[PDB]
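Q: So here's start.txt (compact mmCIF, C-alpha atoms and all ligand atoms).
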```
# COMPACT_ATOMS: atom_id res chain seq x y z
CA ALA A 4 43.79 -1.19 35.58
CA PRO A 5 40.05 -1.21 36.44
CA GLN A 6 38.98 -4.85 36.33
CA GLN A 7 36.57 -4.16 33.49
CA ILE A 8 39.36 -2.87 31.25
CA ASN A 9 41.76 -5.62 32.34
CA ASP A 10 39.19 -8.27 31.48
CA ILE A 11 38.00 -7.07 28.07
CA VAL A 12 41.53 -6.41 26.99
CA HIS A 13 42.92 -9.71 28.07
CA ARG A 14 39.97 -11.72 26.87
CA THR A 15 40.21 -10.11 23.46
CA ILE A 16 43.97 -9.96 22.94
CA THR A 17 45.10 -13.32 24.30
CA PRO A 18 43.05 -15.22 21.72
CA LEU A 19 44.19 -12.80 18.97
CA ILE A 20 47.84 -13.44 19.76
CA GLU A 21 47.18 -17.20 19.69
CA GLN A 22 45.24 -17.20 16.43
CA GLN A 23 47.62 -14.90 14.58
CA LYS A 24 50.81 -16.30 16.16
CA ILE A 25 52.00 -12.78 17.08
CA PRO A 26 55.41 -12.90 18.83
CA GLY A 27 54.97 -9.72 20.83
CA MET A 28 52.29 -7.11 21.34
CA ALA A 29 51.61 -3.94 23.34
CA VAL A 30 48.23 -2.35 23.83
CA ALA A 31 47.14 0.95 25.38
CA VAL A 32 43.54 1.79 26.17
CA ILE A 33 42.70 5.43 26.87
CA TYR A 34 39.63 5.46 29.13
CA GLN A 35 38.10 8.71 30.36
CA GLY A 36 41.36 10.27 29.25
CA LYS A 37 43.70 8.06 31.32
CA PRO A 38 46.03 5.42 29.73
CA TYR A 39 46.28 1.75 30.69
CA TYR A 40 49.05 -0.45 29.32
CA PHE A 41 49.34 -4.11 28.49
CA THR A 42 52.20 -6.15 27.06
CA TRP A 43 52.71 -9.71 25.93
CA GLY A 44 55.44 -11.83 24.52
CA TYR A 45 58.67 -10.99 22.80
CA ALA A 46 60.35 -8.02 21.23
CA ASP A 47 63.28 -10.27 20.20
CA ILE A 48 62.64 -14.01 20.17
CA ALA A 49 66.25 -15.14 19.79
CA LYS A 50 67.56 -12.89 22.60
CA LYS A 51 64.46 -13.55 24.73
CA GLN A 52 63.74 -9.83 25.22
CA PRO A 53 60.17 -9.18 26.37
CA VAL A 54 57.87 -6.52 25.05
CA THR A 55 57.73 -3.72 27.63
CA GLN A 56 56.19 -0.25 27.79
CA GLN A 57 59.51 1.05 26.46
CA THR A 58 59.69 -1.27 23.41
CA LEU A 59 59.89 0.51 20.05
CA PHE A 60 57.66 -0.80 17.26
CA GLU A 61 57.60 0.29 13.60
CA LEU A 62 54.32 2.15 13.00
CA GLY A 63 54.17 1.77 9.28
CA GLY A 64 51.32 3.78 7.84
CA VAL A 65 50.28 5.08 11.26
CA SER A 66 53.29 7.38 10.55
CA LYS A 67 51.03 9.18 8.09
CA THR A 68 49.00 10.60 11.01
CA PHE A 69 52.15 12.39 12.18
CA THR A 70 52.76 13.66 8.64
CA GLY A 71 49.18 14.87 8.36
CA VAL A 72 49.39 16.75 11.68
CA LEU A 73 52.82 18.24 10.77
CA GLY A 74 51.25 19.40 7.52
CA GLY A 75 48.27 20.80 9.41
CA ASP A 76 50.64 22.70 11.65
CA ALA A 77 52.39 24.20 8.59
CA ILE A 78 48.99 25.30 7.19
CA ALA A 79 48.12 26.83 10.57
CA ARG A 80 51.46 28.71 10.55
CA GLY A 81 50.63 30.21 7.14
CA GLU A 82 53.61 28.44 5.55
CA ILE A 83 51.54 26.45 3.03
CA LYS A 84 47.93 26.19 1.86
CA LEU A 85 46.24 22.92 0.81
CA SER A 86 44.74 24.78 -2.12
CA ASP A 87 48.21 25.56 -3.40
CA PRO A 88 49.46 23.90 -6.61
CA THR A 89 52.18 21.32 -6.04
CA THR A 90 54.38 23.29 -8.43
CA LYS A 91 54.41 26.28 -6.05
CA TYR A 92 56.68 24.27 -3.77
CA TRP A 93 58.49 22.30 -6.46
CA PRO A 94 58.97 24.54 -9.55
CA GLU A 95 61.13 21.90 -11.28
CA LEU A 96 57.99 19.72 -11.57
CA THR A 97 57.18 21.07 -15.00
CA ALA A 98 55.40 18.20 -16.66
CA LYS A 99 51.87 19.09 -17.79
CA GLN A 100 50.03 16.41 -15.87
CA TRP A 101 50.84 18.36 -12.69
CA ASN A 102 48.58 21.25 -13.64
CA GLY A 103 45.64 21.16 -11.29
CA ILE A 104 47.27 18.88 -8.69
CA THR A 105 47.23 20.62 -5.30
CA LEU A 106 48.77 19.80 -1.95
CA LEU A 107 45.28 18.67 -0.83
CA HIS A 108 45.31 15.99 -3.54
CA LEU A 109 48.71 14.74 -2.44
CA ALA A 110 47.74 14.60 1.20
CA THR A 111 44.55 12.68 0.58
CA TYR A 112 45.58 10.27 -2.17
CA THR A 113 43.44 11.96 -4.81
CA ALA A 114 46.05 13.26 -7.23
CA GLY A 115 45.02 10.81 -9.94
CA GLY A 116 46.69 7.45 -9.23
CA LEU A 117 50.12 8.10 -7.74
CA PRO A 118 51.47 4.63 -6.90
CA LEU A 119 51.54 2.89 -3.59
CA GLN A 120 55.28 2.49 -3.66
CA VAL A 121 58.12 4.68 -4.71
CA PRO A 122 60.38 2.30 -6.75
CA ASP A 123 63.52 0.92 -5.07
CA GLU A 124 65.66 2.39 -7.72
CA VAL A 125 64.55 5.92 -6.79
CA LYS A 126 66.84 7.25 -4.10
CA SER A 127 68.36 10.67 -4.79
CA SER A 128 66.64 13.99 -5.09
CA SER A 129 67.22 13.91 -8.87
CA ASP A 130 65.75 10.37 -9.14
CA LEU A 131 62.69 11.51 -7.28
CA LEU A 132 62.05 14.49 -9.55
CA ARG A 133 62.42 12.20 -12.54
CA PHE A 134 59.92 9.71 -11.05
CA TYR A 135 57.26 12.35 -10.50
CA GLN A 136 57.85 14.01 -13.88
CA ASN A 137 57.44 10.68 -15.63
CA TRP A 138 54.35 9.57 -13.75
CA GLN A 139 51.20 9.43 -15.86
CA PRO A 140 47.90 9.86 -13.99
CA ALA A 141 45.16 7.43 -14.78
CA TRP A 142 42.52 9.91 -13.57
CA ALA A 143 41.85 13.62 -13.33
CA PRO A 144 42.69 15.12 -9.93
CA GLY A 145 40.15 14.86 -7.15
CA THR A 146 38.10 12.05 -8.66
CA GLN A 147 39.44 8.75 -7.21
CA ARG A 148 41.34 7.74 -4.08
CA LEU A 149 44.23 5.29 -4.26
CA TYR A 150 46.17 4.91 -0.96
CA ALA A 151 49.79 5.73 -1.75
CA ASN A 152 53.12 6.42 -0.06
CA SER A 153 54.27 8.42 -3.08
CA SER A 154 51.31 10.80 -2.58
CA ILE A 155 51.31 11.63 1.15
CA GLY A 156 55.10 11.18 1.14
CA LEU A 157 55.49 14.01 -1.38
CA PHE A 158 53.02 16.08 0.62
CA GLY A 159 55.24 15.74 3.69
CA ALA A 160 58.38 16.65 1.84
CA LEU A 161 56.81 19.75 0.31
CA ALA A 162 54.98 20.87 3.41
CA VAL A 163 58.20 21.41 5.31
CA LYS A 164 60.03 23.32 2.58
CA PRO A 165 59.02 26.83 3.66
CA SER A 166 60.20 26.08 7.23
CA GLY A 167 63.76 25.53 5.98
CA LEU A 168 63.99 22.48 8.26
CA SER A 169 64.58 18.89 7.22
CA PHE A 170 61.43 16.75 7.56
CA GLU A 171 62.88 14.99 10.62
CA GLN A 172 63.91 18.24 12.33
CA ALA A 173 60.48 19.78 11.65
CA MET A 174 58.71 16.71 13.04
CA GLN A 175 60.92 16.74 16.14
CA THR A 176 60.62 20.43 16.85
CA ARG A 177 57.01 20.98 15.91
CA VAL A 178 55.26 17.77 16.88
CA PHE A 179 57.28 15.34 18.99
CA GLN A 180 58.88 17.80 21.39
CA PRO A 181 55.74 19.87 22.15
CA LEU A 182 53.73 16.72 22.88
CA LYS A 183 56.51 15.12 24.96
CA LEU A 184 56.86 12.11 22.66
CA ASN A 185 60.41 11.61 23.74
CA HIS A 186 60.70 7.99 22.64
CA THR A 187 59.36 8.44 19.15
CA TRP A 188 61.83 8.42 16.31
CA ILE A 189 62.22 8.62 12.55
CA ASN A 190 65.76 7.25 12.99
CA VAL A 191 66.38 5.00 16.01
CA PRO A 192 69.44 6.25 17.88
CA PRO A 193 72.05 3.67 18.93
CA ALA A 194 71.23 4.39 22.58
CA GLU A 195 67.72 3.18 21.95
CA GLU A 196 68.51 0.01 19.97
CA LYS A 197 68.21 -2.13 23.08
CA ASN A 198 64.48 -1.33 22.94
CA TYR A 199 63.88 -1.70 19.23
CA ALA A 200 61.78 -4.80 18.62
CA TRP A 201 62.50 -7.02 15.69
CA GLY A 202 59.66 -7.54 13.25
CA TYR A 203 58.86 -11.07 12.07
CA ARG A 204 57.95 -12.06 8.57
CA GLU A 205 57.76 -15.77 7.68
CA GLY A 206 59.55 -16.36 10.96
CA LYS A 207 62.58 -14.19 10.13
CA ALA A 208 63.61 -11.11 12.12
CA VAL A 209 63.40 -7.98 9.98
CA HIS A 210 63.50 -4.17 10.22
CA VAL A 211 62.11 -1.73 7.69
CA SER A 212 64.54 -0.92 4.87
CA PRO A 213 65.45 2.67 3.96
CA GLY A 214 63.63 4.07 0.94
CA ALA A 215 62.77 7.38 -0.66
CA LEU A 216 60.17 9.32 1.31
CA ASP A 217 60.24 6.68 4.06
CA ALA A 218 60.25 9.19 6.92
CA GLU A 219 57.17 10.91 5.53
CA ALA A 220 55.14 7.82 4.72
CA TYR A 221 56.03 4.90 6.95
CA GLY A 222 59.12 5.53 9.00
CA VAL A 223 58.13 6.39 12.56
CA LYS A 224 59.04 4.00 15.42
CA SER A 225 57.48 4.55 18.85
CA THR A 226 56.58 3.02 22.19
CA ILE A 227 53.12 2.15 23.52
CA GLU A 228 53.43 5.00 26.05
CA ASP A 229 54.21 7.62 23.44
CA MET A 230 51.44 6.29 21.19
CA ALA A 231 48.97 6.56 24.06
CA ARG A 232 50.12 10.21 24.45
CA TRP A 233 49.61 10.70 20.71
CA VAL A 234 46.02 9.37 20.99
CA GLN A 235 45.33 11.65 24.00
CA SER A 236 46.62 14.68 22.04
CA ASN A 237 44.34 13.80 19.11
CA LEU A 238 41.36 13.15 21.43
CA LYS A 239 41.69 16.57 23.13
CA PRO A 240 43.51 19.05 20.82
CA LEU A 241 42.51 21.97 23.08
CA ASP A 242 44.72 20.96 26.01
CA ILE A 243 47.69 21.47 23.70
CA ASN A 244 49.45 24.77 24.46
CA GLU A 245 51.07 25.31 21.04
CA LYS A 246 48.47 27.19 19.04
CA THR A 247 49.35 26.08 15.50
CA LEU A 248 49.85 22.47 16.62
CA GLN A 249 46.41 22.53 18.23
CA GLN A 250 44.98 23.80 14.92
CA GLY A 251 47.02 21.32 12.92
CA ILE A 252 45.59 18.37 14.81
CA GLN A 253 42.13 19.74 14.16
CA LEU A 254 42.83 20.13 10.42
CA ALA A 255 44.07 16.55 10.16
CA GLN A 256 40.73 15.28 11.49
CA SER A 257 38.68 17.39 9.07
CA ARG A 258 36.70 15.41 6.46
CA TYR A 259 37.86 16.23 2.95
CA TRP A 260 36.46 13.37 0.86
CA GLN A 261 33.92 10.62 1.22
CA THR A 262 34.15 7.05 -0.13
CA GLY A 263 31.34 4.81 1.09
CA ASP A 264 30.98 5.30 4.84
CA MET A 265 34.56 6.52 5.18
CA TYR A 266 35.97 10.06 5.26
CA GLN A 267 39.51 10.97 4.48
CA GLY A 268 41.41 13.38 6.71
CA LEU A 269 45.14 14.25 6.60
CA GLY A 270 46.58 10.86 7.59
CA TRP A 271 43.63 10.01 9.73
CA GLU A 272 40.54 8.28 8.32
CA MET A 273 37.13 8.58 9.96
CA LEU A 274 33.64 7.10 10.09
CA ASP A 275 30.57 8.45 11.87
CA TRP A 276 30.05 6.77 15.23
CA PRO A 277 28.25 4.44 15.91
CA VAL A 278 29.60 1.99 13.34
CA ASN A 279 29.82 -1.78 12.96
CA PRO A 280 33.16 -3.60 12.35
CA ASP A 281 31.94 -4.82 8.95
CA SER A 282 31.67 -1.23 7.76
CA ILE A 283 34.94 -0.11 9.31
CA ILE A 284 36.53 -3.01 7.40
CA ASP A 288 41.59 -4.42 4.21
CA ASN A 289 45.20 -5.27 3.39
CA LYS A 290 44.18 -8.33 1.42
CA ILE A 291 43.76 -5.93 -1.47
CA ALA A 292 46.97 -4.68 -3.05
CA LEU A 293 45.38 -1.79 -4.95
CA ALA A 294 41.86 -0.50 -4.29
CA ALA A 295 40.75 2.41 -6.45
CA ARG A 296 37.59 4.13 -5.25
CA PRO A 297 35.66 7.14 -6.55
CA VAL A 298 35.51 10.00 -4.06
CA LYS A 299 33.02 12.74 -3.45
CA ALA A 300 34.45 16.10 -2.31
CA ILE A 301 33.19 17.52 0.99
CA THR A 302 32.82 21.14 -0.01
CA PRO A 303 33.94 22.72 2.27
CA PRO A 304 35.57 20.11 4.56
CA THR A 305 33.71 19.27 7.74
CA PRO A 306 35.63 20.34 10.85
CA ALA A 307 36.53 17.45 13.11
CA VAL A 308 33.37 15.67 14.19
CA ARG A 309 33.53 14.49 17.82
CA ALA A 310 31.07 11.56 17.22
CA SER A 311 33.56 9.77 14.95
CA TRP A 312 35.54 6.51 14.93
CA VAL A 313 38.96 8.04 13.91
CA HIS A 314 41.56 5.45 12.97
CA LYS A 315 44.61 4.34 11.05
CA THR A 316 46.18 0.98 10.30
CA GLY A 317 49.87 0.52 9.74
CA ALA A 318 52.10 -2.15 8.43
CA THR A 319 55.70 -2.72 7.55
CA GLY A 320 57.11 -6.09 6.49
CA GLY A 321 57.39 -7.28 10.04
CA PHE A 322 55.00 -5.08 12.03
CA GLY A 323 51.29 -4.42 12.32
CA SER A 324 49.82 -1.41 14.15
CA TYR A 325 46.39 0.03 14.68
CA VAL A 326 45.07 3.17 16.37
CA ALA A 327 41.44 4.14 16.87
CA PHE A 328 39.66 6.67 19.04
CA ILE A 329 36.24 8.23 19.56
CA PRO A 330 36.47 11.93 20.65
CA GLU A 331 32.93 12.16 22.01
CA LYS A 332 33.63 9.31 24.43
CA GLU A 333 37.22 10.24 25.41
CA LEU A 334 38.10 6.68 24.44
CA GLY A 335 40.88 5.17 22.36
CA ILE A 336 43.16 2.26 21.74
CA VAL A 337 46.61 1.56 20.29
CA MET A 338 47.64 -1.98 19.28
CA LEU A 339 51.35 -2.50 18.30
CA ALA A 340 52.59 -5.93 17.17
CA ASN A 341 55.77 -7.28 15.66
CA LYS A 342 54.01 -9.30 12.98
CA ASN A 343 51.98 -7.85 10.08
CA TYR A 344 48.72 -9.76 10.64
CA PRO A 345 45.34 -9.14 8.89
CA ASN A 346 43.70 -5.73 9.27
CA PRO A 347 40.24 -7.22 9.82
CA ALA A 348 41.50 -8.99 12.97
CA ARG A 349 42.91 -5.67 14.28
CA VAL A 350 39.67 -3.77 13.70
CA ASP A 351 37.58 -6.56 15.20
CA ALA A 352 39.67 -6.62 18.38
CA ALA A 353 39.71 -2.85 18.72
CA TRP A 354 35.92 -2.65 18.21
CA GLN A 355 35.30 -5.44 20.72
CA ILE A 356 37.33 -3.53 23.30
CA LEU A 357 36.04 -0.02 22.71
CA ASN A 358 32.42 -1.08 22.32
CA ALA A 359 32.60 -2.82 25.73
CA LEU A 360 33.93 0.30 27.37
CA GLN A 361 31.28 2.61 25.83
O1 LIG B 1 59.70 -1.23 2.23
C1 LIG B 1 58.41 -1.15 1.65
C2 LIG B 1 57.47 -0.51 2.63
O2 LIG B 1 56.29 -0.09 1.90
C3 LIG B 1 55.15 -0.71 2.49
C4 LIG B 1 54.03 0.31 2.49
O3 LIG B 1 54.50 1.49 3.18
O4 LIG B 1 54.82 -1.94 1.84
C5 LIG B 1 54.57 -1.98 0.46
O5 LIG B 1 55.71 -2.50 -0.30
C6 LIG B 1 56.13 -3.86 0.13
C7 LIG B 1 57.44 -4.14 -0.58
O6 LIG B 1 57.30 -3.84 -1.98
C8 LIG B 1 54.96 -4.85 -0.12
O7 LIG B 1 55.34 -6.17 0.32
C9 LIG B 1 53.75 -4.35 0.70
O8 LIG B 1 52.65 -5.22 0.48
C10 LIG B 1 53.38 -2.92 0.24
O9 LIG B 1 52.30 -2.42 1.01
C11 LIG B 1 55.56 -1.06 3.92
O10 LIG B 1 54.80 -2.19 4.37
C12 LIG B 1 57.00 -1.47 3.76
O11 LIG B 1 57.71 -1.21 4.97
```
In structure tokens, write the structure found in this file.
Ligand SMILES: OC[C@H]1O[C@@](CO)(O[C@H]2O[C@H](CO)[C@@H](O)[C@H](O)[C@H]2O)[C@@H](O)[C@@H]1O
A:
Amino acid sequence: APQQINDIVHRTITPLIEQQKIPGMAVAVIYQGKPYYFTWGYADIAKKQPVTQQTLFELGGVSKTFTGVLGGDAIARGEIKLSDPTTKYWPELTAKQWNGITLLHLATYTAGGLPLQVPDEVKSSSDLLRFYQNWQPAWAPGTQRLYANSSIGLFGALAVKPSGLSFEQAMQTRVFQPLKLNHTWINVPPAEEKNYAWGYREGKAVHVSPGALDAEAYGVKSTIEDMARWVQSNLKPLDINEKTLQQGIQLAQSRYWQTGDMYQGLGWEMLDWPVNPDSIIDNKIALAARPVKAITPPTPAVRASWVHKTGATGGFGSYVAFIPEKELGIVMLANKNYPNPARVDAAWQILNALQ
């Protein structure tokens, strides 16, 4: 890598790994549209397996960017509309509180207080219907944002219904395959287990547990190379040959709601660039309800934006950020769920230096 990139990356990440006691980490920097890779430490401490460019990390909530783009692709295909009532795709969802809740609200966490987590006890399709029928919103739709897997997770499940495909098959056929993300998975095949890093929580090796709507909300595993390809695809949607996928990426980066200096897209979140780390900045808060202002109509993807998404699972911490106008981006994958502010600070330090 150019010495400038090598130096800012190593000088930023080495201390981060030391301070946060991260077992293993992979970073990709996209500079002038070309990727540069860096790896440190261990994917499996006990078996002494190093992190490599082929190591699979759990993406956690960064998975929601794939769900948002798959949804965008379904809108582009004419299969669904964000303005459509949730009940159009799930007629059995007859409880009155669902009147007025559209797919847009599900995708952007504005349905009225859907919870962060789908309960453990909810597994089957009948259990899930019961959970949503019983849910009581705290707020009217489109008034407050509360980040939630049960919200964007339901959006993903409904968005693929008209296609006839399972969520995993739709994601594979419509997103992963066209973009050549051939080492990105919702379910890690046995052939790829040799590359699946262990996550570490309180020093114990752990992998994400199955749960309802996991694939749609937090279940993607990927390598640093495929994630760099994902950032390039989101930096330059026009180089993508598949027409509806190109549009879908664009729709996911549209600004639908504003809270403070932040704008909510489909999966992706955005701030106007330039921005300071203090404004970009947090997982220390378990539930953060914020009023939202609708952007009527949504602003098409703004190139001068800091576009990003954090992700965590019990044993992993991920972060992706890119600035379209500068053809610049970064992916940070780690097998420890360490504080979001430290991720944002490192990413900002690196991208600001490469401006
Ligand atoms: O398996 C749970 C799964 O949900 C996430 C969010 O996608 O974590 C939430 O639930 C955990 C278990 O209840 C909490 O410890 C965590 O703080 C909460 O965000 C993922 O992190 C996790 O893989």
Q: Mind checking which residues fall within 10 Å of range 205-208 of chain A, counting all atoms listed in the file, ignoring those fewer than 6 positions away in the same chain, and posting them as a ChimeraX atom specification?
A: /A:26,47-49,320-321,341-342
Q: CA of residue 74 in chain A to CA of residue 241 in chain A: how many Å, to one decimal?
A: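 Between CA of residue 74 in chain A and CA of residue 241 in chain A the gap works out to 18.0 Å.
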Q: Here is a test: counting all atoms listed in the file, which residue of A:178, A:313, A:155, A:29 is nearest to ligand LIG 1 (chain B)?
A: A:155
Q: Taking into account all atoms listed in the file, which residue in the set A:324, A:361, A:180, A:129 is nearest to residue 59 in chain A?
A: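 Of A:324, A:361, A:180, A:129, the one nearest residue 59 in chain A, counting all atoms listed in the file, is A:324.
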Q: CA of residue 138 in chain A and atom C1 of ligand LIG 1 (chain B), how far apart in Å?
A: 19.2 Å
Q: Leaving out residue 56 in chain A and any residue of its chain fewer than 2 positions from it, which residues lie within 10 Å of it when counting all atoms listed in the file, given as an MDAnalysis selection string?
A: chainID A and resid 29:31 40:42 53:54 58:59 198 226:229
Q: Of the candidates A:298, A:334, A:339, A:234, which one gets nearest to residue 271 in chain A if we count all atoms listed in the file?
A: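 So, comparing all the options, the nearest one is A:234.
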Q: Report, in Å to a single decimal, how far apart CA of residue 164 in chain A and CA of residue 318 in chain A are.
A: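 About the pair CA of residue 318 in chain A and CA of residue 164 in chain A: they are 27.3 Å apart.
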Q: For residue 262 in chain A, find every residue with an atom within 7 Å (counting all atoms listed in the file), except residues of its own chain fewer than 2 positions away, and show them as JSON, numbers by chain.
A: {"A": [260, 264, 265, 266, 296, 297, 298, 299]}
Q: Quick one: residues within 10 Å of residue 137 in chain A, all atoms listed in the file, excluding same-chain residues fewer than 5 positions away - as an mmCIF file with C-alpha atoms, in the frame of the given file?
A:
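For reference, selection29.cif as written:
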```cif
data_model
loop_
_atom_site.group_PDB
_atom_site.id
_atom_site.type_symbol
_atom_site.label_atom_id
_atom_site.label_comp_id
_atom_site.auth_asym_id
_atom_site.auth_seq_id
_atom_site.Cartn_x
_atom_site.Cartn_y
_atom_site.Cartn_z
ATOM 1 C CA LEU A 96 57.990 19.720 -11.570
ATOM 2 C CA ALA A 98 55.400 18.200 -16.660
ATOM 3 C CA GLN A 100 50.030 16.410 -15.870
ATOM 4 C CA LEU A 131 62.690 11.510 -7.280
ATOM 5 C CA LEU A 132 62.050 14.490 -9.550
#
```
Q: Pick out the closest residue to residue 247 in chain A from this set: A:151, A:33, A:357, A:78. Count only C-alpha atoms.
A: A:78
Q: List the neighbours of residue 279 in chain A out to 10 Å using only C-alpha atoms; skip same-chain residues closer than 5 positions along the sequence, and give me the result as a list in words.
A: residues 284, 351, 354 and 358 of chain A
Q: With distances taken over only C-alpha atoms and all ligand atoms, which of A:69, A:221, A:101, A:199 is nearest to ligand LIG 1 (chain B)?
A: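 Comparing A:69, A:221, A:101, A:199 against ligand LIG 1 (chain B), the winner is A:221.
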Q: With distances taken over only C-alpha atoms, which of A:13, A:108, A:24, A:126 is nearest to residue 203 in chain A?
A: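 Using only C-alpha atoms, the shortest distance to residue 203 in chain A belongs to A:24.
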Q: So that each row is one residue of chain A with an atom at most 12 Å from ligand LIG 1 (chain B), can you give its shortest atom pair and the distance in Å to one decimal, using all atoms listed in the file, rows by chain and rising number, as a tab-separated table?
A:
```
residue	atom	partner	partner_atom	distance
A:61	CA	B:LIG1	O11	8.8
A:62	CA	B:LIG1	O11	9.3
A:63	CA	B:LIG1	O3	6.1
A:64	CA	B:LIG1	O3	6.1
A:65	CA	B:LIG1	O3	9.8
A:66	CA	B:LIG1	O3	9.5
A:67	CA	B:LIG1	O3	9.8
A:118	CA	B:LIG1	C5	10.4
A:119	CA	B:LIG1	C5	7.0
A:120	CA	B:LIG1	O5	6.0
A:121	CA	B:LIG1	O2	8.4
A:122	CA	B:LIG1	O6	8.4
A:123	CA	B:LIG1	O6	8.4
A:124	CA	B:LIG1	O6	11.9
A:150	CA	B:LIG1	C4	9.7
A:151	CA	B:LIG1	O3	8.0
A:152	CA	B:LIG1	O3	6.1
A:153	CA	B:LIG1	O3	9.3
A:154	CA	B:LIG1	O3	11.4
A:155	CA	B:LIG1	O3	10.8
A:156	CA	B:LIG1	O3	9.9
A:202	CA	B:LIG1	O11	10.6
A:204	CA	B:LIG1	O7	10.5
A:209	CA	B:LIG1	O11	10.2
A:210	CA	B:LIG1	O11	8.4
A:211	CA	B:LIG1	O11	5.2
A:212	CA	B:LIG1	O1	5.5
A:213	CA	B:LIG1	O1	7.2
A:214	CA	B:LIG1	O1	6.7
A:215	CA	B:LIG1	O1	9.6
A:216	CA	B:LIG1	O3	9.8
A:217	CA	B:LIG1	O3	7.8
A:218	CA	B:LIG1	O3	10.3
A:219	CA	B:LIG1	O3	10.1
A:220	CA	B:LIG1	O3	6.5
A:221	CA	B:LIG1	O3	5.3
A:222	CA	B:LIG1	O11	8.0
A:223	CA	B:LIG1	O11	10.7
A:224	CA	B:LIG1	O11	11.8
A:288	CA	B:LIG1	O9	11.4
A:289	CA	B:LIG1	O8	8.0
A:290	CA	B:LIG1	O8	9.1
A:291	CA	B:LIG1	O8	9.1
A:292	CA	B:LIG1	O8	6.7
A:293	CA	B:LIG1	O9	9.2
A:294	CA	B:LIG1	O9	11.9
A:316	CA	B:LIG1	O10	10.9
A:317	CA	B:LIG1	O10	7.8
A:318	CA	B:LIG1	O10	4.9
A:319	CA	B:LIG1	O10	3.3
A:320	CA	B:LIG1	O10	5.0
A:321	CA	B:LIG1	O11	7.9
A:322	CA	B:LIG1	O10	8.2
A:323	CA	B:LIG1	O10	9.0
A:324	CA	B:LIG1	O10	11.0
A:342	CA	B:LIG1	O10	11.2
A:343	CA	B:LIG1	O10	8.5
A:344	CA	B:LIG1	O10	11.6
A:345	CA	B:LIG1	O8	11.8
```
